[PDB]
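K.L.:
Encoded as structure tokens, here's the structure I'll be asking about.
Protein chains in written order, with UniProt numbering: chain A, 39 to 1061; chain B, 39 to 1061.
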């Protein structure tokens, strides 16, 4: 059982590399190997210093390796020391904050965005005093910095891209070079991506897959004389590193060597190194899901692919006796529960009796199940697959019977009548193969006569169907109560609270039960008749809002309400939505609160037990009759047990299946999948850590050669994320004191947009930081570290300005100051554009096409839209989906005015740009950012200035995760531009005018992109 | 900066050893070193298998390394695997559950007490199927098992004893040997302790300090031909281990080699290996203490030697700017706090103003301070030292002035009048230099006239003095309200609730304020007169109970009550005592509850703020006027920061000082201390882990050559303790199924004394365990592991007995079953003694001389005391202090009877033993156990049978701990037996008849000690 070796570095006979997240050293001479450093978290890069004595190491921390920082290793005394306290943000695809290289003097040059507004601004910094001070090289963003003959060699976006093989977009790795002690020239700019550059002698060796596969090449210090050296076919080579003599690298999990002279490729022998305990223990709550209430006051829940029947206490627990991957568990009888078991083949229905033991599992495939339920009389079950089908499976025989198939989306919202006769469900529809919206009409299926009826019309969104106990009327919710709500910032209106409940008696002639129509004055007791029942529909007198569930009770109705709120947290942090359980008494027609702070709710089949999760993450349970009596559902009593190798295989196959099942093009999928499966499956057994699995999985995802194949979430370590103390400032070591080199601030009156020092009425810029919380900082005291240890609290900071000016304030040491830096940048550029255009041009910047973008666009769109000209800077735009909405705005043309008796003119439309517009874009703007760029030109809103953009317009919508919480993504929505097709994908967008931003432009402190834009508009504004 | 190397093992050129809790391997040949295993917790022993390929490792877990288990290491593939799930209990002095040796076949033999009733029964077991099955060798308790010429060599109690150099007690390490394929003979039994035995050729090499220091010796396989090989003088050698050729060992932190042939000693070169981050982060709550409320609703508290001023929230925190070791912090003004700083020299008073910054620290030494307080007007402070002095320190000048010095105990209970004029305190006294009890009388000191007065008489215990706001009357509590409470088991009575409050008006003529004597009917307003004030004393009408504090308020009085409760938990688990704050309204004379679940309480100087800790460990704070409004005091917001090397030095010096300051003999102390200081201080800088420090400290404690020098508590790891699933049963692998070899049970009707399976009315013995919680256990499934994973929960266990008998019950998987095994043993021996003496002899066993002992003694004393003869088995007795109480019982002689008209005779006394008594004792009974043994003979209660006992009769009473919570102990109370002196110490007690318990006696399954006892009594019972 060998390991998965990777990311090596060489120096003489010694060779360091990574295995099991730890760092190892190998001596070709003796042939021995040893672990030189461990227990620091997950390590992915280790670099030999010039002398070959010390080693710079990049280690990641946080459950999902969302944070990272650099460490030093002295192989002389075995000393270990943290160098940076930046807590750089990183993801699988962009593992920023690493070693850039070493300067001639033998000093370490790092690449980080810790002090930058945009993650992609991984600017270069020279490390001094072991992390005490940091001197910027002002060469702009870079991933590698080599030196040759006194010439700086810069590698841009030159990190590996395993997730996207054959990438040819604008963010492809490129190489520049110095020519005139300050002048730079781009020398390697192939059609494909260039990664991991090295210089042996006077040639730069790098990797690219221009020929269709990853190989090693080289060229003189002028990007000329290209040569193809290796000819691999098994796995792409990665992580090139050298010592000046030979080149080192990794492939398919082994460490190889390439001698530039001999041009010979040889594999290093290392054999087995480490085989940790395969049987691991996990905490059920960390991976729990699908919590459901059963009879006898029991509970059912799924975790890490396993299922359990336990009591609220968590003291008596039973595991369902079934192999890996239980997707769903559902009450199917007094002591019987029905489950959904998934395998590489698909999803299958199962049944288990936690009393006897009988667990006969079916074999009839159901495809990819996403919803499952069982009638109250354990006769059959209802299932929804990704084929958009809703079906009934005979819980006795196992024969699934398709009832109806939607052609727009899955039928996951359904309910069964208590008498097991009707099945009401939401049926997504469209009235055209290209409609912009998808309607949803409730459908009712009758088990007798086997026929479908329309409970609702197909003009809006009707959902949450639910029958009453006696099964006499069908209740449901709908967004039909249209009534606009005003926007407090932008002239606009939205449908905020347009949800309302309705009812439909299954017996014609019977009135709305909530209308309290005296029995003596009605003549019900007719007979079921579901024909044209959508005509008998009636609403229930309850104020419009945002309802997600309706539960009909004897003399009351429970409703789940979701108060209006922003979507920022939900969009970026996946933060759960907050609701509250409301009660409506039919008699009194009064509403009340039953339970708040709910983020999820489930209800028993008997309607007597309620199970819910609150905003605190915990799960509770209480009787509907006495909601005051809730208990906490504990599950962390019994350890969760599993096998790494069994889970890793399971996880690989699922990742491999989703990638295949969700790829936008089914054809390409059948081929790529079938051609990459085995190849990458053989590496799984070499994996010992979640990080090992990641390497295998990502490389296999790259085999689809498309954008948006990401891997997020998942548990990679038990190490806590790195902390970084921030006060929105820039420090500089000058003598024996740290000086406030810069004090970031954007809109003083906005929230969280300035150095917390400003609250004390003083701009820290220029002042000298004496000490923090008593401890003196400076020449012999790392301020970065001290601040790190105070992150998230308030500390006393003694400062000193001009003269005898001395301050001693309680400052809030923030955990992050990115946004403050972003806003600072935007406001700077905004001030710049005004002054240079003599107050005739506006400025607006769009960070992404998500909630934040929407925020930033409108934040300035309301003050900048009425200038002679407008600059819509969309550089570094991270994509999203709201581009269409922003374009729609800019699309407006001013065609009139309103003349008031008093006041100023009112432009019509209001959201109309006054004059000429111009867009700025770089290679760091992609996805929706790609779409926005192409559109801006295509619609002729103005000229596009900058550099070709990213080029990944195949959207995604993940709907399933791995048993460890990992959320993988698959390019499922290919964007097709009219008169261009899918051309944008794997290419990007070409600006009308290309304005490069060379390393020398950064050294001169000039932005050639924004300058051109401004100067260009002034020219157009001469008319 | 080198490391502290230790506990090595050798094999050829390779040499494994421990450094920084991790295991390392060194190759003499190449001279290189590497860490072969880490992150398992703290490792102290590593043993090479025969083939030299695999390695057995013993690792400890739990904050205080209170738990341990064994792991395997395959140097071929680098596989790691946990072998045992016993969760063996261990302490610094007795690190049980380790590798005993290897049998001829190359199998691992382990020594553990996991399945034994007494910790000292570290019986031998052969490991099979990598921990699947365990086969007992039935050779009795052993620490080492070697083999030579087909002869078993057993080493009893042969582990190292660094804490007690020159130990010559009965538990001293000894060596036995087989002579007749079943017959054993003791061969090495020197006067001193023999540790770490090895066999090179045909000689056993071990270590002993018979010459006054640790050295290596050897003798033929007959304990003959003694030879002294080494002649060290720097540090004792430890952990001998060999491969058959050369011997390996450690000394003063280095690894050495000894060649039996050459007889040459050589040091192995290893140099620096690991130097972790010196700056560590700790959690304040984990080491907090001395929490105190200040003004402005602020809080003060001490942790890990540091002090802080923070708000209840813990958001605004200030550290007191003072070097290590702040013992106490006390409010001394609006923004000023007084503190007690400790150094190697002693304790000193200090003052800090968290507003300005002025922190002038005094230099006048105060000795060892244990109580400190400041008047309400920040003029002076009151201090109590271990010299038994109470003094006033001028908070301005610094001049301490001794007021009074007790000669019995410290004066820690004192209070200052609000007007700063009187100082009331408890003054411990005796009316004889040999009295059995120490009385305590409240004393009052007047700052004006400077004279002491007697507030109370010296006939009992008067405490908790407290003045009223106006400083007109002095309140206090006393245990004078004598009134006996009946014992529900043993004919006895105790003073349970005899506490009551009293008051003393400082102005003669003034009545008891609580008596509500109409002002119009009294003529107070006299003048202070403290003369014969103890005559004016008066009680306050409040029911007797167990009060710890009394707080006089305007029209009410607060009293801290402690409901009667057992002391088991408090005695063994140090569990805090539970109290409740009560309120007494002077007017209504009615009592009420203010706050419960309190385990500690503090009160502001203004009597308006209350700070308390509840049984949940958290700290709260609430206004006395509105006790319903309490907030939680948080402190874990700001990380606690420190330096390992600065703390380690601090901790060493303190451990070194306490050891010196508390040794029973001052003379011996001055010499030993001064002679061992530097020698062990030079090792501190080599320490990197708490375990490294422990090694140094323990060795230095051993330099006192006395018993009771222990080291408990302290934080050694962040690893959670090992878990062990137990159901009071013994399993045996038979084929492919585990069989219940034994089902332990003691008194079926008592609590926690039988296998939880019994509750289902079935004796598991004989049955076959099929599966647990679904998972099948047996040949290919470690039941020990499975049970471990269900510890502390209830699991479904399928069993199978004779015929088609099959059970399926929900069993409680316990975390431990020691007590159930102990009770089983006692009951077995009890049943045995009855049957063999034909029902004429009783049996009683005393496990220790603590609360449990008291429990077990009376548990059987009431049914066994009236037989013709009695056996008081006190083997394995762990000591304590209640021996005197048990003797007093047995001391009773039956001299009469009560003849009833109906019923049976009543013996007088009731607690009188009917006839002849006989005691059984082994080397595993010590301390009070030692005292009991000597006494039993000395008083002639009967004969003593067994083997010489432990020999450590120098008691301890720790009263101070290290900044990391570590609790060190120092032999402070030397026991002097009349007509024998201190002879018992370092020797033990000699039984009238010596009955050894050889290994062959265990193999025959016979107890020669209990047999002799029974047979001997029958002989005496012939009269």
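Quick reminder that beta carbons are idealized off the backbone N, C-alpha and C, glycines included.
1. I'd like to check one pair, residue 337(B) with residue 348(B): are the Cβ atoms closer than 7 Å?
2. Consider the Cβ of residue 723(B): report whether some Cβ of chain A lies at a distance smaller than 7 Å.
3. Distance cutoff 7 Å, beta carbons only. Does residue 832(B) sit that close to anything in chain D?
4. Could you tell me the alpha carbon to alpha carbon distance between residue 1052(B) and residue 879(B), rounded to whole angstroms?
5. Counting only the same chain and skipping the five closest in sequence on each side, list residues whose C-beta sits under 7 Å from that of residue 353(A).
6. Is the CB of residue 324(B) under 7 Å away from at least one CB in chain A?
7. Using a Cβ-Cβ cut-off of 7 Å (strictly less than) and excluding sequence neighbours within five positions of residue 692(B), which residues of its own chain qualify?
8. What first and last residue would you give for the beta strand (DSSP E) that runs through residue 3(A)?
9. Just to make sure I have the definition right: I need the residues of chain A whose C-beta is within less than 8 Å of the C-beta of residue 359(B). Which are they?
10. Output the boundary residues of the alpha helix (DSSP H) element that contains residue 737(A).
11. Once the 5 residues before and after residue 663(A) are set aside, which same chain residues still bring their CB inside 8 Å of it?
12. Can you have a look at residue 610(A) and say buried or exposed, based on whether 16 or more other CB atoms are within 10 angstroms of its CB?
13. Below 8 Å on the Cβ atoms is my guess for residue 628(A) versus residue 596(A); work out the distance and round it to an integer in Å.
14. List, in chain order, every chain B residue whose beta-carbon is nearer than 7 Å to that of residue 677(A).
15. Show which residues of chain A have a CB atom less than 8 Å away from the CB atom of residue 116(B).
16. Since residue 220(A) contacts residue 892(A) with CB under 8 Å, what's their CB separation in whole angstroms?
17. With distances taken Cα to Cα, identify the nearest neighbour of residue 478(B) among 484(B), 486(B), 472(B) and 468(B).
18. Compute the Euclidean distance between the alpha carbons of residue 672(B) and residue 619(A), then round it to the nearest angstrom.
19. I'd like to know if the stretch 624-643 of chain B and the stretch 584-602 of chain B are in contact, where contact means that at least 3 CB-CB pairs between them fall below 8 Å.
20. At a CB-CB cut-off below 7 Å, which residues of chain B make contact with residue 39(A)?
21. Use the C-beta contact count for residue 756(B): other C-beta atoms within 10 angstroms, 16 or more gives buried, fewer gives exposed.
22. Would you list the one or two residues that DSSP bridges to residue 376(A)?
23. Find the nearest neighbour of residue 424(B) within the set 409(B), 942(B) and 414(B), judged by alpha-carbon distance.
24. Less than 7 Å between the C-beta atoms of residue 678(B) and residue 320(B), yes or no?
25. Could you tell me which of 182(B), 132(B) and 121(B) sits nearest to residue 139(B), measuring between CA atoms?
26. Might you give, ordered along the chain, the residues of its own chain that have their beta carbon closer than 7 Å to the beta carbon of residue 715(A), omitting 5 neighbours on each side?
27. Quick check: what's the CA-CA separation for residue 212(A) versus residue 192(A)?
28. For residue 53(A) versus residue 61(A), is the C-beta spacing smaller than 7 Å?
P.N.:
In terms of the structure at hand:
1. yes
2. no
3. Looking for chain D here will not work: the only protein chains present are A and B.
4. 8 Å
5. 675.
6. no
7. 1000
8. Missing from the structure shown is residue 3(A); chain A here goes from 39 to 1061 and no further.
9. 812, listed in chain order.
10. 728-739
11. The residues are 646.
12. exposed
13. In fact, because the Cβ distance is near 14 Å, the residues do not count as touching under 8 Å.
14. 827
15. Per Cβ cutoff of 8 Å: 310, 311, 312 and 313.
16. Rounded, the Cβ-Cβ distance is 41 Å, inconsistent with contact.
17. It is 468(B).
18. 33 Å
19. yes
20. 115
21. exposed
22. 368(A) and 389(A)
23. Ranking the options by Cα distance to residue 424(B), first place goes to 409(B).
24. yes
25. It is 182(B) whose Cα lies nearest to the Cα of residue 139(B).
26. 694
27. 8 Å
28. Residue 53(A) places its beta carbon 7 Å or farther from that of residue 61(A).
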